[PDB]
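Take a look at the structure set out below.
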Amino acid sequence: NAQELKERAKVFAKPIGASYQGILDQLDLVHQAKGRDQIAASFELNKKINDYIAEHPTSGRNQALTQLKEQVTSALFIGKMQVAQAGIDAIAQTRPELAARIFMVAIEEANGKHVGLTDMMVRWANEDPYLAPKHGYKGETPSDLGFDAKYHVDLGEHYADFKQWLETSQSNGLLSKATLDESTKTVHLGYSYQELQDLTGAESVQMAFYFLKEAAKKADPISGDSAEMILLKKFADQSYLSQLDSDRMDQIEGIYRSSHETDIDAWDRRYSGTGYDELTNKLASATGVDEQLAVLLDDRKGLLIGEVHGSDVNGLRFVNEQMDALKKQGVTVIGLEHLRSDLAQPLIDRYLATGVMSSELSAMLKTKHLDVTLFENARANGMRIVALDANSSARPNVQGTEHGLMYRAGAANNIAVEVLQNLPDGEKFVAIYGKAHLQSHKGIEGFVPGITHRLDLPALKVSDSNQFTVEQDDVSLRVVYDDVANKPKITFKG
Amino acid sequence: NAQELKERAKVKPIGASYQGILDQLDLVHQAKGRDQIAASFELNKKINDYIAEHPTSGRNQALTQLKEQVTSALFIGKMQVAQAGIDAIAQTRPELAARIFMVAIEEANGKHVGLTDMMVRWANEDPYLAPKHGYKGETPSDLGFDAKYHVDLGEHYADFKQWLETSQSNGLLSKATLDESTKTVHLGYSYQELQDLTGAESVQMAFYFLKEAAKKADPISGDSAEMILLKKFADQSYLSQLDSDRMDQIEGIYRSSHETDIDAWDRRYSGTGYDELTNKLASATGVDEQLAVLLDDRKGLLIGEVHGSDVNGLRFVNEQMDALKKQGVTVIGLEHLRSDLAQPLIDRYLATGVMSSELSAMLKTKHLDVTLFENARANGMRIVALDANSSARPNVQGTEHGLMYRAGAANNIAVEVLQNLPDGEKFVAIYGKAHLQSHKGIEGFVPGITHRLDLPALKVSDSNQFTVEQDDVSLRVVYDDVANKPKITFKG
Ligand SMILES: [Cl-]
């Protein structure tokens, strides 16, 4: 095994190829590496073998390589693990890092833990466009930058116009994390595609972002890829792509456990039509704004107000107008899905502390149509404003299905619940979120429980006259999509 | 024998000092306009410095004749009266003296009597116009902005870099690049601009270490942190621009104190006019009733203020803004902000909707309400700054002529901006009480903003009612200090 292909390679029948010699070096890495690194290098070994065999269909090496690949694949998938061999190998032949992570989850699932998680990941790995094969910009990136780069775009002839709008933005405090290079006519961005989309409120960024997209689309017109995908697949930084794949799976692996560990029975026992709190007629009977808030906050962590994206703005209105009323009940936090916690959270914390609103923050507030008065009043009353969403929740477009909505629902809820549960002891919250997230939602392995089930609170909805109404959960949505059905599911026997 | 020195010393080796005089002499003949005058004073400076350092050289007599010729060539006839004054300034700083000269040339003919004495005396009296070399060295041209300072932080580079990057992360202090090689900072903001951004903790700290670096760089001299930055770290371009603007203000204050028709104003705003005007606001007690008469065939109105605790001016315009729009108000004047850096940021905010991090910082620094700007943009109103760094209050030892400067220099910024507005659009400016009424001067007396714009000095109370404040006539006089001194007057 170890001392097999060593002496045979020395017999110079033909000069050793650069790619083939690399296979021997990759094989040395497997025997030396330990833990899951060994497994990651093992899938990489088979990937290098496929590329050699495909590029050299008829060579004397092939027979030795097929035995190696057979011996490597057989060494990884043993016994119960053979059920997930076909699915993980398929992914491993392209993304060995992603396949290696699924392999670790399979080892644990083979020992009785987290049933169906491996299938969900294997199915989602090829079903999610963000986890598709991608290399990005792989060149000599600059290390002296004052920030972590996300894109290394080459604008070509668009460099002229982009520079104008980038310099105009930086002059007004916008797009700080961005440095140019006229020698190569490339830009080194420190902002995600979604982050730049959030700053579009400012004309300066809108134009800078416009030429960035046009530069990408012009650089790859043959593929149907959109402006966003071209930047990831061809101009993204290796470190950003490495974390992006990790963050996407963190949500999937997070949506799974949320869909199985949530005590949904007790939520129905408390807030259903036949709930013991009988919250439906209590807030209806009790008149006044402050009385309704009392019943909605007694013995509770906080409250969750709905928002129909069509034209409802009562959530953001009530919290801004009736902030003093809410302060009486003891709420020192205001949650919103409108802002991303990745870039907006630190800027909000700095604003509430100092009192000076940063340019990037002011830009986000115009894009998301959030009034500046909400933040002025919040800082005055001594309150927090937390972003209950992140870039991780980016809704993908699964072709021919409705699975994209499932990810958005669960991914965003994970981020929203994570922040609300880690608040200081005693401080209650008043989060405004979409109506779709407050009630149940269809999944691909059980069903995505709404943010209400997660926090043990009811789904509320404020009227134009400040009257709270309990919105019953739609039980019909507690099922998997019809396109999931009872297809070939990777299931172990232990 | 003006060009005889070209081959006298040439036909021991010529030193760099004497060669500098020869090179400077050739520059005088080649240069023209005011540059020739500036080069002439610079020539006499080199001659003075050569003789002062080499008092025992055969070239002194040759250079002494050259100094006579140049000095006698500049100050001819009636112009000789301003020789002793302008020459004293010339040996220390010729560019400043060159500007005074141009003004003095035309004064000899009859225009602006006493402006030369004002400038000549203010050149030495104003600490900002003192000699200042600034930074002598390499100036990077790829900074992307006009650098105002090139401070060298010895043991404070570590702490400054911390708050600078913390500022840039929040969109503050973008125009400032570091050089770890020399441990210097190519700062693109002025001293007052950083003071106006003190509201933000990020800047305040960086501004604190910026001073400490300067204080330790020159601890022996009893100069303030600000002056040390000018005298040893300011960019040559910024120093030339600073001295220019300071003299423009003095020259601008003279015009105001001699061209403003104070009689026409005083007759219809204080004497019979006050009694008749006071009855309008007294009788008509409505909110719109008062604004109608105060804007009756007028450019606008001016509300006074006392920085102690009175903030009715800022509070009134923010609240009843719609009421002001009915009579014809559009522009909203404001002393608190300074046009130099704030005006472009305001024009952006009102247009694009996104507030600049630096603007937001300024608003908190000057304790301005943010909703004033929000309501302005929504109602389609403009906000302009009626102040600048040009009106930098100077500390003149043993006298109160420093108060005179800001009183007049600030009004020039206010008046020039308020007058140059679209035809038909009225304005509502909030300013200090001192600036609305008359103030003491050095040549004459600095007239307030009310006299120049032909408006009254109003002051809104807590119950929203305009009360006309009488102009203090006692202040319409020159200081007892400057009066009856060596006056520099020309022949008719
Ligand atoms: Cl500039």
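Letters A, B, ... mark the chains of the structure tokens in the order given; residue numbers begin at 1 per chain; ligand numbers begin at 1, in order shown.
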- Task: Please report as a count of residues only which residues of chain B come no farther than 6 Å from chain A, using only C-alpha atoms.
- Result: 8
- Can you pull out every residue within 10 Å of residue 212 of chain A, counting only C-alpha atoms, but drop anything in the same chain fewer than 2 positions away, and send it as a ChimeraX atom specification? /A:153-155,158-159,161-162,187,206-210,214-217,227,231
Tell me, as a PDB file with N, CA and C atoms, in the first residue's frame, which residues lie within 8 Å of segment 412-421 of chain A, counting only C-alpha atoms; anything in the same chain fewer than 2 positions away does not count.
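In the end it all went to out.pdb:
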ATOM      1  N   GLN A 251     -26.382  26.132   7.707  1.00  0.00           N
ATOM      2  CA  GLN A 251     -27.819  26.393   7.763  1.00  0.00           C
ATOM      3  C   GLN A 251     -28.587  25.083   7.583  1.00  0.00           C
ATOM      4  N   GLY A 254     -28.303  23.055  10.373  1.00  0.00           N
ATOM      5  CA  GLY A 254     -28.993  23.786  11.438  1.00  0.00           C
ATOM      6  C   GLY A 254     -30.510  23.704  11.303  1.00  0.00           C
ATOM      7  N   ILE A 255     -31.000  23.673  10.061  1.00  0.00           N
ATOM      8  CA  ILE A 255     -32.438  23.565   9.781  1.00  0.00           C
ATOM      9  C   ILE A 255     -32.916  22.170  10.176  1.00  0.00           C
ATOM     10  N   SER A 258     -33.304  21.891  13.959  1.00  0.00           N
ATOM     11  CA  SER A 258     -34.404  22.753  14.409  1.00  0.00           C
ATOM     12  C   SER A 258     -35.743  22.088  14.087  1.00  0.00           C
ATOM     13  N   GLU A 337     -35.960  41.839  10.173  1.00  0.00           N
ATOM     14  CA  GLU A 337     -35.383  40.983   9.132  1.00  0.00           C
ATOM     15  C   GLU A 337     -34.860  41.851   7.991  1.00  0.00           C
ATOM     16  N   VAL A 386     -31.346  44.992  16.817  1.00  0.00           N
ATOM     17  CA  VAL A 386     -30.604  43.848  16.295  1.00  0.00           C
ATOM     18  C   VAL A 386     -31.114  43.404  14.929  1.00  0.00           C
ATOM     19  N   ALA A 387     -30.182  42.979  14.080  1.00  0.00           N
ATOM     20  CA  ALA A 387     -30.512  42.499  12.748  1.00  0.00           C
ATOM     21  C   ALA A 387     -30.795  41.012  12.879  1.00  0.00           C
ATOM     22  N   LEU A 388     -32.006  40.592  12.519  1.00  0.00           N
ATOM     23  CA  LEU A 388     -32.397  39.183  12.620  1.00  0.00           C
ATOM     24  C   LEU A 388     -32.312  38.456  11.276  1.00  0.00           C
ATOM     25  N   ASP A 389     -31.211  38.672  10.565  1.00  0.00           N
ATOM     26  CA  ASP A 389     -30.999  38.037   9.271  1.00  0.00           C
ATOM     27  C   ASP A 389     -29.527  38.195   8.897  1.00  0.00           C
ATOM     28  N   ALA A 390     -29.039  37.335   8.007  1.00  0.00           N
ATOM     29  CA  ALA A 390     -27.640  37.375   7.568  1.00  0.00           C
ATOM     30  C   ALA A 390     -27.521  37.030   6.087  1.00  0.00           C
ATOM     31  N   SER A 392     -26.111  34.518   4.990  1.00  0.00           N
ATOM     32  CA  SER A 392     -26.286  33.059   4.948  1.00  0.00           C
ATOM     33  C   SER A 392     -27.666  32.626   4.449  1.00  0.00           C
ATOM     34  N   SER A 393     -28.677  33.457   4.703  1.00  0.00           N
ATOM     35  CA  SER A 393     -30.056  33.164   4.304  1.00  0.00           C
ATOM     36  C   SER A 393     -30.371  33.428   2.825  1.00  0.00           C
ATOM     37  N   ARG A 408     -34.612  29.643   2.499  1.00  0.00           N
ATOM     38  CA  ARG A 408     -34.800  31.015   2.991  1.00  0.00           C
ATOM     39  C   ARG A 408     -35.529  31.034   4.332  1.00  0.00           C
ATOM     40  N   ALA A 409     -36.621  30.281   4.413  1.00  0.00           N
ATOM     41  CA  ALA A 409     -37.426  30.198   5.628  1.00  0.00           C
ATOM     42  C   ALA A 409     -36.612  29.712   6.825  1.00  0.00           C
ATOM     43  N   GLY A 410     -36.029  28.526   6.700  1.00  0.00           N
ATOM     44  CA  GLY A 410     -35.240  27.926   7.773  1.00  0.00           C
ATOM     45  C   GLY A 410     -33.927  28.621   8.079  1.00  0.00           C
ATOM     46  N   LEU A 423     -29.747  36.935  24.071  1.00  0.00           N
ATOM     47  CA  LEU A 423     -29.856  38.293  24.606  1.00  0.00           C
ATOM     48  C   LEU A 423     -29.623  38.236  26.112  1.00  0.00           C
ATOM     49  N   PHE A 429     -37.813  41.353  23.919  1.00  0.00           N
ATOM     50  CA  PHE A 429     -37.692  41.900  22.562  1.00  0.00           C
ATOM     51  C   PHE A 429     -39.018  42.096  21.839  1.00  0.00           C
ATOM     52  N   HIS A 437     -42.504  33.442   7.963  1.00  0.00           N
ATOM     53  CA  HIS A 437     -41.557  32.927   8.953  1.00  0.00           C
ATOM     54  C   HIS A 437     -42.195  32.692  10.323  1.00  0.00           C
ATOM     55  N   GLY A 450     -41.674  27.486  12.289  1.00  0.00           N
ATOM     56  CA  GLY A 450     -41.570  28.938  12.288  1.00  0.00           C
ATOM     57  C   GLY A 450     -40.835  29.473  13.503  1.00  0.00           C
ATOM     58  N   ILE A 451     -40.356  30.708  13.386  1.00  0.00           N
ATOM     59  CA  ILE A 451     -39.629  31.381  14.469  1.00  0.00           C
ATOM     60  C   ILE A 451     -40.443  31.416  15.784  1.00  0.00           C
ATOM     61  N   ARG A 454     -39.953  28.033  17.679  1.00  0.00           N
ATOM     62  CA  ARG A 454     -38.582  28.052  18.182  1.00  0.00           C
ATOM     63  C   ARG A 454     -38.447  28.833  19.491  1.00  0.00           C
ATOM     64  N   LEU A 455     -39.085  30.002  19.551  1.00  0.00           N
ATOM     65  CA  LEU A 455     -39.030  30.876  20.733  1.00  0.00           C
ATOM     66  C   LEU A 455     -40.190  30.690  21.727  1.00  0.00           C
TER      67      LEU A 455
END
- Please provide the set of residues having any atom within 12 Å of residue 296 of chain A, restricted to only C-alpha atoms, with same-chain residues fewer than 4 positions apart removed, written as a ChimeraX atom specification. /A:271,277-284,286,289-292,300-305,326,329-331,428-430,457-461,467-470
With the cut-off set at 10 Å and counting only C-alpha atoms and all ligand atoms, tabulate each residue of chain B with an atom at most that distance from an atom of ligand 1, showing the nearest atom pair and its distance in Å to one decimal, ordered by chain and increasing number, as CSV.
residue,atom,partner,partner_atom_place_in_ligand_line,distance
B:143,CA,ligand 1,1 (Cl),9.3
B:144,CA,ligand 1,1 (Cl),7.0
B:145,CA,ligand 1,1 (Cl),3.8
B:146,CA,ligand 1,1 (Cl),4.2
B:147,CA,ligand 1,1 (Cl),7.3
B:148,CA,ligand 1,1 (Cl),9.3
B:175,CA,ligand 1,1 (Cl),7.8
B:188,CA,ligand 1,1 (Cl),7.2
B:189,CA,ligand 1,1 (Cl),9.1
- Item | Within 8 Å of residue 98 of chain B using only C-alpha atoms, minus same-chain residues under 6 positions, as a ChimeraX atom specification | /B:34,37-38,41,90
- Task: For residue 324 of chain B, please output as a list in words all residues within 10 Å (counting only C-alpha atoms; exclusion window: fewer than 3 positions along the same chain).
- Result: residues 287, 288, 291, 292, 295, 317, 320, 321, 327, 328, 329, 330, 426, 427 and 428 of chain B
Taking C-alpha atoms for each residue, export the selection above as an mmCIF file, in the first residue's frame.
data_model
loop_
_atom_site.group_PDB
_atom_site.id
_atom_site.type_symbol
_atom_site.label_atom_id
_atom_site.label_comp_id
_atom_site.auth_asym_id
_atom_site.auth_seq_id
_atom_site.Cartn_x
_atom_site.Cartn_y
_atom_site.Cartn_z
ATOM 1 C CA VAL B 287 -47.822 82.568 13.664
ATOM 2 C CA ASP B 288 -48.255 83.336 9.928
ATOM 3 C CA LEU B 291 -43.975 86.065 9.195
ATOM 4 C CA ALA B 292 -46.051 87.891 6.552
ATOM 5 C CA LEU B 295 -41.119 89.100 4.907
ATOM 6 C CA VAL B 317 -37.172 76.656 12.080
ATOM 7 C CA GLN B 320 -42.794 75.636 11.980
ATOM 8 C CA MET B 321 -41.037 74.954 8.650
ATOM 9 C CA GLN B 327 -44.411 83.278 2.593
ATOM 10 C CA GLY B 328 -41.522 82.115 0.344
ATOM 11 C CA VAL B 329 -38.728 80.623 2.473
ATOM 12 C CA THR B 330 -36.488 77.978 0.889
ATOM 13 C CA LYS B 426 -36.281 84.161 0.712
ATOM 14 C CA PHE B 427 -34.206 82.820 3.629
ATOM 15 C CA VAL B 428 -34.257 82.222 7.393
#
- Task: Could you give me, as a PyMOL selection string, each residue of segment 220-402 of chain B that DSSP assigns to strand (DSSP E or B) when run on this structure's backbone?
- Result: chain B and resi 234+300-303+329-334+382-385
Would you mind exporting the chosen residues as a PDB file, in the first residue's frame, restricted to C-alpha atoms?
ATOM      1  CA  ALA B 234       1.406  72.141   7.379  1.00  0.00           C
ATOM      2  CA  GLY B 300     -35.678  87.314   4.517  1.00  0.00           C
ATOM      3  CA  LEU B 301     -35.215  87.447   8.299  1.00  0.00           C
ATOM      4  CA  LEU B 302     -32.516  86.874  10.965  1.00  0.00           C
ATOM      5  CA  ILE B 303     -32.989  85.268  14.422  1.00  0.00           C
ATOM      6  CA  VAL B 329     -38.728  80.623   2.473  1.00  0.00           C
ATOM      7  CA  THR B 330     -36.488  77.978   0.889  1.00  0.00           C
ATOM      8  CA  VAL B 331     -32.909  78.357   2.144  1.00  0.00           C
ATOM      9  CA  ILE B 332     -32.151  77.954   5.871  1.00  0.00           C
ATOM     10  CA  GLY B 333     -29.012  79.759   7.085  1.00  0.00           C
ATOM     11  CA  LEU B 334     -26.953  78.270   9.898  1.00  0.00           C
ATOM     12  CA  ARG B 382     -32.050  73.717   1.343  1.00  0.00           C
ATOM     13  CA  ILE B 383     -29.650  74.238   4.260  1.00  0.00           C
ATOM     14  CA  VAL B 384     -26.471  76.304   3.865  1.00  0.00           C
ATOM     15  CA  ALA B 385     -23.544  77.017   6.197  1.00  0.00           C
TER      16      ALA B 385
END
Excluding residue 337 of chain B and residues on its chain fewer than 4 positions from it, collect all residues at most 9 Å away from it, counting only C-alpha atoms, and give them as an mmCIF file with N, CA and C atoms, in the first residue's frame.
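That gives us selection-v5.cif:
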data_model
loop_
_atom_site.group_PDB
_atom_site.id
_atom_site.type_symbol
_atom_site.label_atom_id
_atom_site.label_comp_id
_atom_site.auth_asym_id
_atom_site.auth_seq_id
_atom_site.Cartn_x
_atom_site.Cartn_y
_atom_site.Cartn_z
ATOM 1 N N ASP B 196 -14.480 70.217 14.424
ATOM 2 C CA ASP B 196 -15.913 70.134 14.111
ATOM 3 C C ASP B 196 -16.393 68.678 14.054
ATOM 4 N N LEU B 341 -16.160 72.165 4.572
ATOM 5 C CA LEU B 341 -16.324 70.711 4.476
ATOM 6 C C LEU B 341 -17.779 70.242 4.567
ATOM 7 N N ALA B 342 -18.618 71.004 5.267
ATOM 8 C CA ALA B 342 -20.025 70.636 5.467
ATOM 9 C C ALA B 342 -20.967 70.884 4.287
ATOM 10 N N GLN B 343 -20.776 71.983 3.559
ATOM 11 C CA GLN B 343 -21.684 72.324 2.450
ATOM 12 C C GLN B 343 -21.815 71.274 1.337
ATOM 13 N N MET B 362 -20.618 65.951 12.377
ATOM 14 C CA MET B 362 -20.649 67.407 12.573
ATOM 15 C C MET B 362 -21.907 67.827 13.277
ATOM 16 N N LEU B 363 -23.041 67.261 12.869
ATOM 17 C CA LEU B 363 -24.322 67.591 13.497
ATOM 18 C C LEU B 363 -24.325 67.314 15.001
ATOM 19 N N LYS B 366 -21.833 69.908 16.900
ATOM 20 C CA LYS B 366 -22.418 71.235 17.086
ATOM 21 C C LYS B 366 -23.813 71.169 17.732
ATOM 22 N N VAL B 384 -27.814 75.824 4.200
ATOM 23 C CA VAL B 384 -26.471 76.304 3.865
ATOM 24 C C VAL B 384 -25.720 76.792 5.102
ATOM 25 N N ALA B 385 -24.402 76.606 5.089
ATOM 26 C CA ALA B 385 -23.544 77.017 6.197
ATOM 27 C C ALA B 385 -23.079 78.460 5.998
ATOM 28 N N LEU B 386 -23.242 79.283 7.036
ATOM 29 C CA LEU B 386 -22.850 80.699 7.003
ATOM 30 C C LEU B 386 -21.590 80.964 7.843
ATOM 31 N N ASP B 387 -20.579 80.121 7.664
ATOM 32 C CA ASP B 387 -19.322 80.263 8.396
ATOM 33 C C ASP B 387 -18.249 79.432 7.686
ATOM 34 N N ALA B 388 -16.983 79.706 7.990
ATOM 35 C CA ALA B 388 -15.870 78.983 7.377
ATOM 36 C C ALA B 388 -14.629 79.052 8.262
#
Using only C-alpha atoms, tabulate the residues of segment 396-494 of chain A lying at most 7 Å from any atom of segment 81-86 of chain A, each with its closest atom pair and that distance in Å to one decimal, by chain and increasing residue number, as JSON lines.
{"residue": "A:490", "atom": "CA", "partner": "A:84", "partner_atom": "CA", "distance": 6.0}
{"residue": "A:491", "atom": "CA", "partner": "A:83", "partner_atom": "CA", "distance": 6.8}
{"residue": "A:492", "atom": "CA", "partner": "A:83", "partner_atom": "CA", "distance": 6.6}
Those residues you just picked out, can you put them in a file as a compact mmCIF listing (two decimals), in the first residue's frame with C-alpha atoms?
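The new file result.txt reads:
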# COMPACT_ATOMS: atom_id res chain seq x y z
CA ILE A 490 -29.91 7.31 1.80
CA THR A 491 -30.73 5.42 5.01
CA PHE A 492 -28.43 3.41 7.28
- Name the closest residue to residue 396 of chain B among the candidates B:50, B:122, B:75, B:265; distances are taken between atoms, counting only C-alpha atoms.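 Using only C-alpha atoms, residue 396 of chain B sits closest to B:122.
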- Between atom CA of residue 198 of chain A and atom CA of residue 343 of chain A, measure the distance and give it in Å to one decimal.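 Here the two named atoms are 9.8 Å from each other.
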